[PDB]
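Two forms of a single protein chain come next, each set out by itself as structure tokens; they are called structure 1 and structure 2.
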Structure 1
């Protein structure tokens, strides 16, 4: 006894692993470069050649929208049919889920070492949660507990309208509106978003922005070498907090609000010093509704693999 395949595929890397069906324990994690292989199926075939456990069931998390049978990646060239791959492999069950789904399903098996708290009291148990993360884009998922079942609630919530909170942010909205049409939260809360803030900040003060990259905004802000970059990073943290407070109000998320890494781990200290938590509770007479809600950065390394395990196991009739 007795293993299923799990997988966390994102950008150009494909990390695969084994999930113990009885326990949900993940082992034998291996990461392949998606640039070396023509498909996900041809990484799984290598992975499964080199472990010699009979696997029948698999759940792979992939950082792209999962709708029908056809899966097309966002930042890599892979695209495949779920049913074909399932048939081509030995497989009885083949679940393909979005990465934020896998992450939200990891959450109830995370322990306190897997979490860094930012304000709030303790979670109320069995109560709804929100996960978001600013990375390549802005992902959001929710999780609710209904009669022993953990039910994930996927969505495209990083694409809701950007909600400015001052004259400055408002000038940034309109600057972005004039280039790009509708301005979503993701336009400002992601890697490419941190660059949008930078450019908009410089354009509002009537200078010309350099062609900077997200790493350069971070690094020049963490250095204090550029006051445009420190303001970009600084507003990002505020915007991020406000947005997380809206998730919390919206779904009554007293189980807690979680941040999946993305770009934040790379500026933890600045993030901890930032106005994030004040922004989270900056809700007028509803400051009290969210005042005690915990926010956690998740710092577990493979919540994706964990979550796929949980999802699969729950699919196969297990109780998590």
Structure 2
């Protein structure tokens, strides 16, 4: 039984792949729309019959809290019982994990080409790792090396309070608080949050935001067509740095801080020139605590899939 099933579901998209159990290598990736199938189980059935593979074991990352046996997505209508699904497909193992648990578990598998460093020096081996990423949501997980085991620590850290550093970011906080209630980091660091930032800068200035999508703000910011857009993106990069630096301090993250691509590669050279690193380190006397911690942009295309394979293989008894 050479392959296990691996997957990465985020709102409407479900990508399934094969992981070679011996090497952890990913192959035969294929994507489906969630709108076209009534459940994750149905798309797995289709994927498996459609290639011609027999699997016993699988691991699927989902972009929502995995809190127990019943999983209900927020950004799509799928809702399912893990145990019910494992039974129905006849698997021996069926791990459902959070998407950032999966991304954290890809970290040990990542090599230099997959990483772009933004500041700091070198990781201190065996020391904790933080991973986060702004996409549809703000994801955060942590990773620690205990013995020979990579231990991911999943959370919902994208939902902590947003911490403004300026009178300006504070007016933005007020505006968003006036309109929604609790303002989380996710409210500003994500696709939707980039748009929240734009609307709020424009609104702070008593003007009327146009109905822009995240790709629009990014598009105009890079093109220089919109100073509001460029301000939104600039602030986003700054809040991004501060947020990651907070994670570095909170768990003593000398093994490094990882950003899981998401929206960021869409604007790599803008990010590269931004205040990101300097926001990362802007921690008063604690600048020196975080100053040598490296940040890496993860640029693998499918870290969720890789991470799912890694998580499974460790569960299967393998050492990475």
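In this text, the rigid core denotes the largest set of C-alpha atoms whose superposition between the two forms falls within 1.5 Å. Positions refer to the first chain, counted from 1.
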Next on the checklist: To test your reading of the superposition: with the rigid core aligned, which of 175, 110, 238, 73 moves its Cα by 2 angstroms or more between the two structures?
Outcome noted: 73
Checklist entry - Hey, does residue 32 budge by 2 Å or more at the Cα between the two structures once the core is superposed? => result yes
Checklist entry - Once you line up the core, how about residue 52: does its CA shift reach 2 Å between the two structures? => result yes
Checklist outcome for this item: Superposed on the core, the Cα displacement of residue 63 between the two structures in Å comes to 1.7
Next on the checklist: So with the rigid core superposed, the C-alpha of residue 94 shifts by how many Å between the two structures?
Outcome noted: 0.8
Checklist entry - Cα shift of residue 43 between the two structures after core superposition, in Å? => result 2.5
